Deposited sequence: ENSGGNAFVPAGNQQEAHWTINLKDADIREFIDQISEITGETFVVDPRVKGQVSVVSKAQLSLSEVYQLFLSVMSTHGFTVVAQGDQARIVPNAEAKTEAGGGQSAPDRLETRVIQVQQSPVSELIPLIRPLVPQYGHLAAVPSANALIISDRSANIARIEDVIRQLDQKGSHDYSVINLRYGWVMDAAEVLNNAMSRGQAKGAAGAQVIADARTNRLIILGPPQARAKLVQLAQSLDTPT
């Protein structure tokens, strides 16, 4: 009996190099189609089981526009008819499920986000600059006990403005009992996510609903 857990750290390396690492990990030989090309950035500081490794492999394949098909009782890598980095961030002081609704709004159309519940981590696809930002958001989000939130679907306003309005109101103390509460803007769906301790969070909801006129 022997069970291993892997940490992957590949930056700007070839796609065929990552597939090579994966096959050496999983023990599965893949047939790489000649048109398979590209440079991938894959980092996982969290130690992954065999399944969690495979999960991360398919994620990287989908992110870079390829798919795994079963031809002649072996896996074949063919394309599914910009450079995106991939990071596996482990949540330590709460279950991942709690964070997904909160970081999902900072993820674009080109980017992807999915949980690895077994590892209590999440896989993210985005640009190098946005990934360092989202990683920083997670890092700050993990500390808290409560991850209870409120959603405001704006109609009379514009989310980017409405949030800039609220953050200015909190900083100057013009927002009554709002010290310690956060605002997340989802431009895609035009909605606000309200966070922080119960008393504070409730006051921000009243404040933001009054701003929709």
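Chemist: Where does the model skip over parts of the deposited sequence?
Modeler: Coordinates drop out over 1 to 13, 95 to 107, 240 to 241.
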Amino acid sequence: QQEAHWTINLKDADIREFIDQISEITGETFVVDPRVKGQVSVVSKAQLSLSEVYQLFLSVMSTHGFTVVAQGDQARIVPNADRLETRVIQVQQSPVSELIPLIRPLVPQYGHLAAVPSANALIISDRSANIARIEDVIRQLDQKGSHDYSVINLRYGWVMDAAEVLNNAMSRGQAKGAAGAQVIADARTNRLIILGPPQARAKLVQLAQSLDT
From here on, numbers count along this sequence of modelled residues.
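Chemist: Averaging the C-alpha B factors as listed in the entry, name the stretch that ends up higher: 129 to 137 or 92 to 100.
Modeler: Per the deposited B-factors, the answer is 129 to 137.
Chemist: Which has higher Cα B-factors on average according to the PDB entry: 168 to 176 or 145 to 153?
Modeler: The stretch with the larger average C-alpha B-factor is 168 to 176.
Chemist: With respect to C-alpha B-factor, does residue 191 fall in the lowest, middle or highest third of the chain as deposited?
Modeler: Lowest third.
Chemist: Relative to the other modelled residues of the same chain, rank the CA B-factor of residue 13 and answer lowest, middle or highest third.
Modeler: It falls in the top third of the chain.
Chemist: Taking the entry's C-alpha B-factors for this chain, is residue 68 in the lowest, middle or highest third?
Modeler: It belongs to the middle third of the chain when residues are ordered by C-alpha B-factor.
Chemist: Is the Cα B-factor recorded for residue 28 in the lowest, middle or highest third of its chain?
Modeler: Middle third - that is where residue 28 ends up once the chain's C-alpha B-factors are sorted.
Chemist: Could you place residue 81 in the lowest, middle or highest third of its chain by Cα temperature factor, using the values in the record?
Modeler: CA B-factor rank for residue 81: highest third.
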